[PDB]
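Let me begin by presenting the structure, written as structure tokens, before commenting on it.
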Amino acid sequence: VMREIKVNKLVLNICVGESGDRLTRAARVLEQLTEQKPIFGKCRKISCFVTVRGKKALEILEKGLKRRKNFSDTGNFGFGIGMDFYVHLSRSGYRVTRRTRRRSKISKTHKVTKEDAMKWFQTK
Amino acid sequence: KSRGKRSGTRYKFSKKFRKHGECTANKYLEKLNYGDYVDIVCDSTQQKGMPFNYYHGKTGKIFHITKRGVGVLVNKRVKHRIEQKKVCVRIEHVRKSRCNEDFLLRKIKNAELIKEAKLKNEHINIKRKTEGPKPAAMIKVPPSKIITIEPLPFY
Amino acid sequence: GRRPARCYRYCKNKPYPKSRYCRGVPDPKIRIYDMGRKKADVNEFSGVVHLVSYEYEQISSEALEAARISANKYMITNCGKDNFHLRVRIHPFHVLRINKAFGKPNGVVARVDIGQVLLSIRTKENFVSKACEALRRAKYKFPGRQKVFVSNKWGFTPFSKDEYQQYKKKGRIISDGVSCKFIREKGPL
Amino acid sequence: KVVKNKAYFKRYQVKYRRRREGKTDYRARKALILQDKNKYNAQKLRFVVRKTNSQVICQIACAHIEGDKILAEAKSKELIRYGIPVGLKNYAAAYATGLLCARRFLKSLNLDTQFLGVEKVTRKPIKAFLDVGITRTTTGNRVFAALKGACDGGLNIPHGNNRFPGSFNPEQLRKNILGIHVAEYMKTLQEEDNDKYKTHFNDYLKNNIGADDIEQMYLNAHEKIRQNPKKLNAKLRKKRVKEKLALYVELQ
RNA sequence: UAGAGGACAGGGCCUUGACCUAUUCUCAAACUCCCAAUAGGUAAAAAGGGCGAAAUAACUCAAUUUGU
RNA sequence: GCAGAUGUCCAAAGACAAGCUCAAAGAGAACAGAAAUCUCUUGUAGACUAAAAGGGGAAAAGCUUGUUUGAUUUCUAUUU
RNA sequence: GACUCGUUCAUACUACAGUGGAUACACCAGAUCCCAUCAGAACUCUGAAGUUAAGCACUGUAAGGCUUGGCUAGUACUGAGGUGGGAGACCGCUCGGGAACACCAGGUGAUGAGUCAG
Ligand SMILES: [Mg+2]
Ligand SMILES: [Mg+2]
Ligand SMILES: [Mg+2]
Ligand SMILES: [Mg+2]
Ligand SMILES: [Mg+2]
Ligand SMILES: [Mg+2]
Ligand SMILES: [Mg+2]
């Protein structure tokens, strides 16, 4: 009931070269796709990305869709197109990990896993 | 050649194993007065107020208290003569010494004893009697429970 | 090529190993350490002779190597190549130095104690005499007073023979190669 | 490699309990607590405000070597008694709670007549310092409402005005403490998406608290406040272990 | 320093490895979970200490007396 | 004696607060590979902290961000 | 039964399980307003439809760790003594002090102030 397996966060990702206006173009494209302002990723400025939640994210995923492998051991997954989509799945109460106050660890049985993720995918 | 303010301190000021972190927030509530004896135990997690290498472990009378400081009169042996050194420290390093409190407890107990004595007029000997020789006793041991001993052969 | 070895006999100087504060130090001559059927099981070899130094001395790497060689060749000559296992249970870390001011590094030495062992052979209970002989031969190539010393143990494993047998009988002791691990009734299931 | 080795565990220094739990700062806390060591016997009262999910908790705490000592304490769920039901995490509610706590403290002291403080909404005062503890202080925070409430009561809580809503805009602050923002929101909800509105302010609806009345209710509440405040040992474990082994044997 | 037990890279299910897991041999002046002996420091009461009152202060406190 | 370092560098690499967690490893995701960026899990610091080496440092002392000039004037008690 | 501030800062940790939620914590519902971002994820604000699934609490595990104890061991080392031994290296004795790792056994918390519910 609370152990449903929502999509926590979808992250569209465009790695491109080294910021020669192509990056700007990519960013623009991303913006057009999804109503978020994009954010830039730095050298260790090479790449753009956007994080999306909720209905919008779901919609994006659905359109994006147009493998056993491309799921992680931790029960996320991704796929590519030019873009890379990475979907990060969770259950309710994921907040306990990430809040400021009494931040804690999620139990193993409540982490999503590969099989569960696969099942979820099959369902939607 | 190299006598800097933190030399020979690889271990003096190293925080002990599984006691890194910082000074606990309850250590700042230790009440100090002009006359309290006080250990100086350099918590090197605070770098302000770090008293010199030598005063680590050495106790002293508090002669001055400040916002977050404590001046401590500590003796230093200097060749031919001990001298008073006014070590100005933060509170993080100064810990309240316990020697004085042993004495204090004894004093308290002694007062009570004195009062009791007076109640009845008796010559009670207060002063701590040191470990003298043991008095005569007659120790019952069964012959069953007396395990005879010989030296051991070599192996 | 080298010094007498009476030069570097006693353990004056603190230990002084290959590290950040040494660098340009040549390799030990001894590289092999253990030889002859090193891969044997624990149950194979019961007989175990030690060669114990009764001396706080140093022992050149070269000397050690020589001793090892002596042990091996003799064993080969006498019993089979795969009827024994000769551990050298001491390693040369402390480096020596030479002047020609502070010395520059020159050879490594394997400092020892009054209690501890140099060489250990582990062979079948038949060939223990041969092993003993080998060890005594080797001894002629260390400095100081060593003593060949046949052990009550099973073979590098720290149990007496009888004890080991008992353990085997009630299955409390897993054999690896050489080492054996003793089950303690401790972990999870 | 497995990161969580035996070795790792051996090494591992456990945090302080509270820090591990995730409740106290310690860095902040020590600063808050220690006052000048030449001011001996000066207690230093901290005003703790906690914003729990469905309450606010306002305590006056003292600090001692053995443990803290709470002098006065008010939780937002007392406000039911004072004629304010529902909206207990509300900025207004927080303010009220703060005020209540202050009042309680004053009563405890036996010093309520001298310190009236700001009568209604716009000797040296008894001093205390805000322990916001862990919630970040953004402008328009709810702890600041509580602080304001306390101030309006007796307490000198030294504060800058940067963190009251819209900052310094006093009108906004006033609105917030009345509940007027909440009322506005309610009105807006009513205007568009009525089902949603119904779903949302369910408790309020049940109470029969319309928009207009909320401010009045809050005022009344304020007035009221002003007026008056099991384990198994070794053997058992061994037995258990034995039993499991037996069962395993049986299975085999 | 050795094997033992395991689940990524090359050749024609096997071998060579590296990597994990539990072991094992031996080590440190410029390594340390731990840690002696010896050496060191302070304390063991009358110019003082107790438990009290009343004064004094421009300090301190919310408290002409909250304490110092 | 041994292993080294110093004659500097810094309007931030100073000050304060806020937020955040680092190395590494793993499993993933178009081009993308042993390496790009992204995501998650594990992560007592194995990173980083101007420059030796050593101490210290995890809601920080690190990283990012905001605001600044206390890198200010005067004087003591002092420590080395 | 729960909560807030704490104290000691692993007997308090971690991993994998099991059990529990009247009130409470929590997750969870939403974005007008203060606020906060790439992102209402966080932070903030306003909620109360659900849920113990996680957090939290509690208990388990021939659990790892941690911690008391024994045992290692009067072993190692050592202060003082020696016209003692030994060619030396080093090793006994006399008066004293005296470890560590490992191993084995037990334990896995205790608690100050205040509040809340019945
Ligand atoms: Mg010659
Ligand atoms: Mg020398
Ligand atoms: Mg050793
Ligand atoms: Mg050493
Ligand atoms: Mg900070
Ligand atoms: Mg449950
Ligand atoms: Mg255990």
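Ligands are numbered from 1 in the order shown, chains are lettered A, B, ... in the order of the structure tokens, and residues start at 1 in each chain.
Every residue having at least one atom no farther than 10 Å from ligand 4 is included below, with only C-alpha atoms (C1' of nucleotides) and all ligand atoms taken into account: residues 28, 29, 30, 31 and 32 of chain E.
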Return as a ChimeraX atom specification the full set of residues in segment 11-122 of chain A whose backbone-based DSSP assignment is helix (DSSP H, G or I). /A:22-33,54-65,95-98,108-110,114-122
Can you write out the residues you just picked, keeping N, CA and C atoms, as a CSV table (one decimal), in the first residue's frame?
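This is the output file selection33.csv:
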chain,number,residue,atom,x,y,z
A,22,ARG,N,27.3,24.4,-28.6
A,22,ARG,CA,26.6,23.1,-28.7
A,22,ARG,C,26.0,22.8,-27.4
A,23,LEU,N,26.7,23.0,-26.3
A,23,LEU,CA,26.2,22.8,-24.9
A,23,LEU,C,24.9,23.6,-24.7
A,24,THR,N,25.0,24.9,-25.1
A,24,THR,CA,23.8,25.8,-25.0
A,24,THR,C,22.6,25.3,-25.8
A,25,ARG,N,22.9,24.8,-27.0
A,25,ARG,CA,21.9,24.3,-27.9
A,25,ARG,C,21.2,23.1,-27.2
A,26,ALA,N,22.0,22.2,-26.6
A,26,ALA,CA,21.5,21.0,-25.9
A,26,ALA,C,20.6,21.4,-24.8
A,27,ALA,N,21.1,22.4,-24.0
A,27,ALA,CA,20.3,23.0,-22.9
A,27,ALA,C,18.9,23.5,-23.3
A,28,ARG,N,19.0,24.2,-24.4
A,28,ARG,CA,17.7,24.8,-25.0
A,28,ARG,C,16.8,23.7,-25.4
A,29,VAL,N,17.3,22.6,-26.0
A,29,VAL,CA,16.5,21.4,-26.4
A,29,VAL,C,15.9,20.8,-25.2
A,30,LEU,N,16.7,20.6,-24.2
A,30,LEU,CA,16.2,20.1,-22.9
A,30,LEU,C,15.0,20.8,-22.3
A,31,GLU,N,15.2,22.2,-22.3
A,31,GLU,CA,14.2,23.1,-21.8
A,31,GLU,C,12.9,22.9,-22.6
A,32,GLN,N,13.0,22.8,-23.9
A,32,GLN,CA,11.9,22.7,-24.8
A,32,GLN,C,11.2,21.4,-24.5
A,33,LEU,N,11.9,20.3,-24.3
A,33,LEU,CA,11.4,19.0,-24.0
A,33,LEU,C,10.6,19.1,-22.7
A,54,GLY,N,7.3,13.5,-10.4
A,54,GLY,CA,5.9,13.5,-10.5
A,54,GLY,C,5.3,13.1,-11.9
A,55,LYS,N,4.2,13.8,-12.2
A,55,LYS,CA,3.4,13.4,-13.4
A,55,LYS,C,4.2,13.7,-14.7
A,56,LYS,N,4.9,14.9,-14.7
A,56,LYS,CA,5.7,15.4,-15.8
A,56,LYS,C,6.8,14.3,-16.1
A,57,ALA,N,7.4,13.9,-15.1
A,57,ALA,CA,8.5,12.9,-15.2
A,57,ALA,C,8.0,11.6,-15.9
A,58,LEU,N,6.9,11.2,-15.4
A,58,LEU,CA,6.2,10.0,-15.8
A,58,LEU,C,5.9,10.1,-17.3
A,59,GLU,N,5.4,11.3,-17.7
A,59,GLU,CA,5.0,11.6,-19.1
A,59,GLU,C,6.3,11.5,-20.0
A,60,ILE,N,7.3,12.1,-19.5
A,60,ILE,CA,8.6,12.1,-20.2
A,60,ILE,C,9.1,10.7,-20.4
A,61,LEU,N,9.0,9.9,-19.4
A,61,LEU,CA,9.5,8.5,-19.4
A,61,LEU,C,8.7,7.7,-20.5
A,62,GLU,N,7.4,8.0,-20.5
A,62,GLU,CA,6.5,7.3,-21.5
A,62,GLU,C,6.9,7.7,-22.9
A,63,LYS,N,7.1,9.0,-23.1
A,63,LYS,CA,7.5,9.4,-24.5
A,63,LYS,C,8.8,8.8,-24.8
A,64,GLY,N,9.7,8.9,-23.8
A,64,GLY,CA,11.1,8.5,-24.0
A,64,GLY,C,11.2,7.1,-24.5
A,65,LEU,N,10.4,6.2,-23.9
A,65,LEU,CA,10.3,4.8,-24.2
A,65,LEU,C,10.3,4.5,-25.7
A,95,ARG,N,12.1,9.6,1.7
A,95,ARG,CA,12.5,10.9,2.4
A,95,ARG,C,13.4,10.6,3.6
A,96,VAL,N,13.1,9.5,4.3
A,96,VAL,CA,13.9,9.3,5.6
A,96,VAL,C,15.4,9.2,5.3
A,97,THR,N,15.8,8.8,4.1
A,97,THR,CA,17.2,8.8,3.7
A,97,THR,C,17.8,10.3,3.6
A,98,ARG,N,17.0,11.2,3.0
A,98,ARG,CA,17.4,12.4,2.4
A,98,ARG,C,17.0,13.7,3.1
A,108,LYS,N,16.8,-3.0,4.0
A,108,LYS,CA,17.0,-3.7,2.8
A,108,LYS,C,15.7,-4.1,2.1
A,109,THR,N,14.7,-4.7,2.9
A,109,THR,CA,13.4,-5.1,2.3
A,109,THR,C,12.6,-4.0,1.7
A,110,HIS,N,12.9,-2.8,1.9
A,110,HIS,CA,12.2,-1.6,1.4
A,110,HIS,C,13.0,-0.9,0.2
A,114,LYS,N,16.5,-5.2,-8.3
A,114,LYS,CA,16.4,-5.4,-9.8
A,114,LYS,C,15.1,-6.1,-10.2
A,115,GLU,N,14.8,-7.2,-9.6
A,115,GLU,CA,13.6,-8.0,-9.9
A,115,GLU,C,12.3,-7.2,-9.8
A,116,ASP,N,12.2,-6.5,-8.7
A,116,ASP,CA,11.1,-5.6,-8.4
A,116,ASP,C,10.9,-4.6,-9.5
A,117,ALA,N,12.0,-4.0,-9.8
A,117,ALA,CA,12.1,-2.9,-10.9
A,117,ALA,C,11.5,-3.5,-12.2
A,118,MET,N,12.0,-4.7,-12.5
A,118,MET,CA,11.6,-5.4,-13.7
A,118,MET,C,10.1,-5.6,-13.8
A,119,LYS,N,9.6,-6.1,-12.6
A,119,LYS,CA,8.2,-6.3,-12.4
A,119,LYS,C,7.4,-5.1,-12.7
A,120,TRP,N,7.9,-4.0,-12.1
A,120,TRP,CA,7.2,-2.7,-12.2
A,120,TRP,C,7.1,-2.3,-13.7
A,121,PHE,N,8.3,-2.4,-14.4
A,121,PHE,CA,8.4,-2.1,-15.8
A,121,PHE,C,7.4,-2.9,-16.6
A,122,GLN,N,7.3,-4.2,-16.3
A,122,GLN,CA,6.4,-5.1,-17.0
A,122,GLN,C,4.9,-4.6,-16.8
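Using only C-alpha atoms (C1' of nucleotides) and all ligand atoms, we find that the residues with an atom at most 9 Å from any atom of ligand 2 are residues 11, 12, 13 and 14 of chain C.
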Can you work out which residues from chain D touch chain F at a cut-off of 10 Å (counting only C-alpha atoms (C1' of nucleotides)) and hand them back as a ChimeraX atom specification? /D:1-4,8-9,11-15,19,22,24-28,134,136-138
Write the selection just made, keeping N, CA and C atoms, as an mmCIF file, in the first residue's frame?
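part_0.cif was written with the following content:
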data_model
loop_
_atom_site.group_PDB
_atom_site.id
_atom_site.type_symbol
_atom_site.label_atom_id
_atom_site.label_comp_id
_atom_site.auth_asym_id
_atom_site.auth_seq_id
_atom_site.Cartn_x
_atom_site.Cartn_y
_atom_site.Cartn_z
ATOM 1 N N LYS D 1 36.510 -5.603 -2.713
ATOM 2 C CA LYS D 1 36.613 -5.584 -1.223
ATOM 3 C C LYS D 1 35.261 -5.251 -0.625
ATOM 4 N N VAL D 2 34.960 -5.857 0.520
ATOM 5 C CA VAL D 2 33.833 -5.422 1.334
ATOM 6 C C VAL D 2 34.343 -4.258 2.184
ATOM 7 N N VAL D 3 33.606 -3.154 2.159
ATOM 8 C CA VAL D 3 34.015 -1.937 2.856
ATOM 9 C C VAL D 3 33.864 -2.118 4.361
ATOM 10 N N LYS D 4 32.778 -2.766 4.784
ATOM 11 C CA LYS D 4 32.466 -2.945 6.204
ATOM 12 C C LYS D 4 33.135 -4.200 6.782
ATOM 13 N N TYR D 8 37.271 -2.376 9.881
ATOM 14 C CA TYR D 8 36.524 -1.122 9.781
ATOM 15 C C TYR D 8 35.731 -0.875 11.057
ATOM 16 N N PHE D 9 35.045 -1.934 11.478
ATOM 17 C CA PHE D 9 34.213 -1.871 12.692
ATOM 18 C C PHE D 9 35.052 -1.540 13.894
ATOM 19 N N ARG D 11 37.900 0.005 13.953
ATOM 20 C CA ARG D 11 38.334 1.397 13.822
ATOM 21 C C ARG D 11 37.230 2.344 14.285
ATOM 22 N N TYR D 12 36.008 2.029 13.852
ATOM 23 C CA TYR D 12 34.894 2.964 13.776
ATOM 24 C C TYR D 12 34.624 3.678 15.061
ATOM 25 N N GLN D 13 34.615 5.007 14.989
ATOM 26 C CA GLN D 13 34.160 5.844 16.088
ATOM 27 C C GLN D 13 32.721 6.208 15.853
ATOM 28 N N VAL D 14 31.898 5.829 16.814
ATOM 29 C CA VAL D 14 30.485 6.137 16.813
ATOM 30 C C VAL D 14 30.354 7.611 17.150
ATOM 31 N N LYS D 15 29.411 8.286 16.490
ATOM 32 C CA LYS D 15 29.092 9.698 16.753
ATOM 33 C C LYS D 15 28.501 9.800 18.148
ATOM 34 N N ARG D 19 23.512 13.059 17.860
ATOM 35 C CA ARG D 19 23.951 13.343 16.495
ATOM 36 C C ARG D 19 23.641 12.190 15.575
ATOM 37 N N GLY D 22 20.126 12.150 14.845
ATOM 38 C CA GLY D 22 19.976 13.263 13.919
ATOM 39 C C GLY D 22 19.192 14.421 14.509
ATOM 40 N N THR D 24 20.421 16.751 17.474
ATOM 41 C CA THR D 24 21.164 17.918 17.980
ATOM 42 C C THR D 24 22.414 18.238 17.159
ATOM 43 N N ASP D 25 22.769 19.520 17.145
ATOM 44 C CA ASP D 25 23.911 20.008 16.379
ATOM 45 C C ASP D 25 25.236 19.815 17.114
ATOM 46 N N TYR D 26 25.231 19.991 18.428
ATOM 47 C CA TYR D 26 26.433 19.922 19.267
ATOM 48 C C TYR D 26 27.373 21.096 19.070
ATOM 49 N N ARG D 27 27.762 21.370 17.827
ATOM 50 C CA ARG D 27 28.568 22.526 17.508
ATOM 51 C C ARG D 27 27.797 23.764 17.905
ATOM 52 N N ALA D 28 26.569 23.851 17.401
ATOM 53 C CA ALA D 28 25.658 24.965 17.747
ATOM 54 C C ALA D 28 25.414 24.963 19.264
ATOM 55 N N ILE D 134 18.551 22.555 14.236
ATOM 56 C CA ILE D 134 18.571 21.633 13.075
ATOM 57 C C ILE D 134 17.704 22.085 11.899
ATOM 58 N N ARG D 136 16.567 24.675 9.325
ATOM 59 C CA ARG D 136 17.329 25.819 8.863
ATOM 60 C C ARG D 136 16.449 27.050 8.984
ATOM 61 N N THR D 137 17.078 28.178 9.283
ATOM 62 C CA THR D 137 16.374 29.418 9.521
ATOM 63 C C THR D 137 16.230 30.152 8.210
ATOM 64 N N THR D 138 15.095 29.933 7.561
ATOM 65 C CA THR D 138 14.713 30.681 6.377
ATOM 66 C C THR D 138 13.748 31.782 6.795
#
Within 12 Å of residue 6 of chain G, counting only C-alpha atoms (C1' of nucleotides), which residues qualify if same-chain residues fewer than 5 places away don't, as a PyMOL selection string? (chain B and resi 25-26) or (chain D and resi 17-18+23-24+26+29+61-70) or (chain G and resi 111-114)
Any idea which chain C residues end up within 12 Å of chain E if we count only C-alpha atoms (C1' of nucleotides), as an MDAnalysis selection string please? chainID C and resid 13:22 30:42 85:95 109:112 116:120 156:158 174:183
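Within segment 10-188 of chain D, the backbone-based DSSP assignment of strand (DSSP E) covers residues 46, 47, 48, 49, 50, 51, 52, 55, 56, 57, 58, 59, 60, 61, 70, 71, 72, 73, 74, 75, 129, 130 and 131 of chain D.
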Top pick for closest residue to chain B, considering G:5, G:80, G:10, G:100 and counting only C-alpha atoms (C1' of nucleotides): G:10
Which chains and residue numbers are within 12 Å of ligand 6, counting only C-alpha atoms (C1' of nucleotides) and all ligand atoms, if I want them as a ChimeraX atom specification? /A:2-3,107,109-110 /G:17-21,51-58
Do me a favour and pick out the residues of chain E within 6 Å of chain B, using only C-alpha atoms (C1' of nucleotides), as a list in words.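 Close to chain B, chain E has residues 41, 42 and 43 of chain E.
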Which residue of F:24, F:16, F:40, F:48 approaches ligand 5 most closely, using only C-alpha atoms (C1' of nucleotides) and all ligand atoms: F:16
Neighbours of residue 88 of chain G within 12 Å (only C-alpha atoms (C1' of nucleotides); same-chain residues fewer than 3 positions away dropped), as a VMD selection string? chain C and resid 6 9 to 10 55 to 57 144
Counting only C-alpha atoms (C1' of nucleotides), figure out which residue out of F:22, F:15, F:52, F:29 gets nearest to chain A. F:29
Please identify all protein, DNA and RNA residues within 12 Å of ligand 7, counting only C-alpha atoms (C1' of nucleotides) and all ligand atoms, and report them as a PyMOL selection string. (chain C and resi 185-188) or (chain D and resi 6) or (chain G and resi 11+14+61-67+106-108)
